[PDB]
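Okay, structure first, notes after.
There are 2 protein chains.
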Amino acid sequence: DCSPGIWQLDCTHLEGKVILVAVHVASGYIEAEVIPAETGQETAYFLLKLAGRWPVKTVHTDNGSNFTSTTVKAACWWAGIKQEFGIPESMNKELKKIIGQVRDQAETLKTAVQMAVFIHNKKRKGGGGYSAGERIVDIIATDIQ
Amino acid sequence: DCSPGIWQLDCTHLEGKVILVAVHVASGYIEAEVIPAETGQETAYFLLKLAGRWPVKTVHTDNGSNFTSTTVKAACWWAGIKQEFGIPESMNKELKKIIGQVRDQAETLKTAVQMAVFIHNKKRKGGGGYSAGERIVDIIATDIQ
Ligand SMILES: Cc1nc2ccccc2c(-c2ccc3c(c2)CCCO3)c1[C@H](OC(C)(C)C)C(=O)O
Ligand SMILES: Cc1nc2ccccc2c(-c2ccc3c(c2)CCCO3)c1[C@H](OC(C)(C)C)C(=O)O
């Protein structure tokens with residue numbers, strides 16, 4: 055029943071590095087990237103990429119100060135994004160769980176993260193039974209037509 | 055009439071930097087990234103991200119030697135991707160055109176690229193009349209069901 059334009063964006067920390075995690079709330083679909091620094095510039099750039107791919111209307115975060123930089127506000131201004139305050152989970156544990164499971168199968172954390180994203184988005188969820197990757201595409205397509 | 059799992063991947067050069075460009079052939083939808091070096095490791099990593107997001111079955115390129123590294127072959131092995139040889152355009156000019164149009168509106172090339180990707184994917188194509197972003201989502205969703 056969730057609006058299809060709503061996304062959640064946070065950062066977690068692992069191995070002294072920073073993982074930016076975006077969740078499409080309606081579907082559970084995720085996108086993630088290991089970023090060199092937890093900064094406004096990184097968040098702004100990430101939001102521009104996200105918005106060119108999906109119809110992003112509002113973004114929520116669990117750390118509001120993430121969104122106070124002028125650099126982030128410029129990215130939401132240009133892409134027509136607004137901040138979402140009133141949201142009614153949680154993938155940071157679950158994605159961290161998958162990362163832990165595949166970690167030794169890759170040299171770098173960034174590679175393991177993308178493996179974990181792949182696994183998460185492709186998993187059939189019947190425990192009828194689509195994956196997050198299938199649900200996002202259906203939700204958006206139905207919302208077009 | 056194109057298969058929905060087929061993607062084209064190339065690199066272009068601008069301002070002495072490297073832009074990796076992936077095109078979903080059936081829709082015209084694009085994803086791009088400025089990469090620090092034109093290397094197998096960058097291509098492999100990019101393919102892992104791409105494959106966690108879309109149902110990527112085959113990838114074609116205009117420079118076959120792009121795909122000879124062990125690092126790329128490991129990424130297509132792990133993600134279940136095969137190379138596509140027999141393909142029946153062109154965005155590298157068109158995307159370059161949009162980049163040129165917005166270039167002065169951003170400090171960095173990487174930012175301009177993402178602006179150009181956004182513009183390209185959102186543009187209604189009626190010259192009925194959906195955008196590449198709408199077409200990819202419809203094509204994939206219909207292919208699920
Ligand atoms: C550094 C590195 N070196 C290699 C040398 C030879 C062969 C493969 C690799 C891989 C690799 C590539 C795809 C892949 C996996 C690992 C693990 C399974 C999924 O696919 C990596 C990975 O890094 C890059 C992806 C950036 C190249 C890694 O971090 O381990
Ligand atoms: C370096 C940089 N510094 C800034 C300082 C203050 C305010 C904004 C910026 C922007 C910016 C952010 C979003 C955006 C656009 C530009 C241009 C329109 C689309 O949205 C950038 C851009 O770089 C980052 C996105 C990495 C921060 C840029 O290359 O110009």
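Respectively, the protein sequence lines represent chains X and E. Numbering-wise, the first sequence is residues 55 to 142, 152 to 190, 192 to 209 according to the UniProt record's numbering. Numbering-wise, the second sequence is residues 55 to 142, 152 to 190, 192 to 209 according to the UniProt record's numbering. Built from N, CA and C at the ideal position, the CB exists for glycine as well.
Measuring from the CB of residue i, is there a heavy atom of ligand 2 at a distance below 7 Å?
i: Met178 (chain E); result: yes
i: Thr171 (chain X); result: no
i: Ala98 (chain E); result: no
i: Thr125 (chain X); result: yes
i: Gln164 (chain E); result: no
i: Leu74 (chain X); result: no
Below 7 Å on C-beta distance, what does residue i contact in chain E?
i: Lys103 (chain X); result: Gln177
i: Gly106 (chain X); result: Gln177, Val180, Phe181, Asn184
i: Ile204 (chain X); result: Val201
i: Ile73 (chain X); result: The premise fails here: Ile73 (chain X) is roughly 13 Å from chain E at the closest Cβ pair, so nothing lies under 7 Å.
Starting from residue i, trace the alpha helix (DSSP H) both ways and give me its first and last residue.
i: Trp108 (chain X); result: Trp108 (chain X) -> no alpha helix (DSSP H), and no H or E assigned at all.
i: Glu157 (chain X); result: 154-165
i: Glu87 (chain E); result: It is not in any alpha helix (DSSP H) - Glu87 (chain E) instead sits in the beta strand (DSSP E) that spans 84-89.
i: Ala169 (chain X); result: Here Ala169 (chain X) belongs to no alpha helix (DSSP H), and DSSP marks it neither H nor E.
i: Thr124 (chain E); result: 124-133
Looking at the secondary structure, which residues open and close the beta strand (DSSP E) in which residue i lies?
i: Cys65 (chain X); result: 60-68
i: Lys186 (chain E); result: From DSSP, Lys186 (chain E) is part of no beta strand (DSSP E); its letter is neither H nor E.
i: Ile73 (chain X); result: 71-78
Verify the contact flag: residue i, CB atom, against every heavy atom of ligand 1, threshold strictly below 7 Å.
i: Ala128 (chain E); result: yes
i: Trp132 (chain E); result: yes
i: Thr174 (chain X); result: yes
i: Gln95 (chain E); result: yes
i: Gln137 (chain E); result: no
Counting only the same chain and skipping the five closest in sequence on each side, list residues whose C-beta sits under 6 Å from that of residue i.
i: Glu87 (chain X); result: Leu74
i: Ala175 (chain X); result: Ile162, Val165, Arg166, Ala169
i: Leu63 (chain E); result: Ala76, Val113, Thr115
i: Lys136 (chain E); result: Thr112
i: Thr125 (chain X); result: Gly94, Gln95, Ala98
Determine the chain E residues that contact residue i at a beta-carbon separation under 8 Å, and present them in chain order.
i: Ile162 (chain X); result: Here the premise fails: no neighbours, minimum Cβ distance about 13 Å.
Mind listing the chain X neighbours of residue i? Cutoff is C-beta to C-beta under 8 Å, in chain order.
i: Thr174 (chain E); result: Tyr99, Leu102
Might you give, ordered along the chain, the residues of its own chain that have their beta carbon closer than 7 Å to the beta carbon of residue i, omitting 5 neighbours on each side?
i: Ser195 (chain E); result: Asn184, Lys185, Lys186, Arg187, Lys188
i: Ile203 (chain X); result: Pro58, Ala80, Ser81
i: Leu172 (chain X); result: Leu68, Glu69, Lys71, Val88
Apart from the five residues on each side of it in sequence, which residues of its chain come closer than 8 Å, Cβ to Cβ, to residue i?
i: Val180 (chain E); result: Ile84, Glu85, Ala86, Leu158
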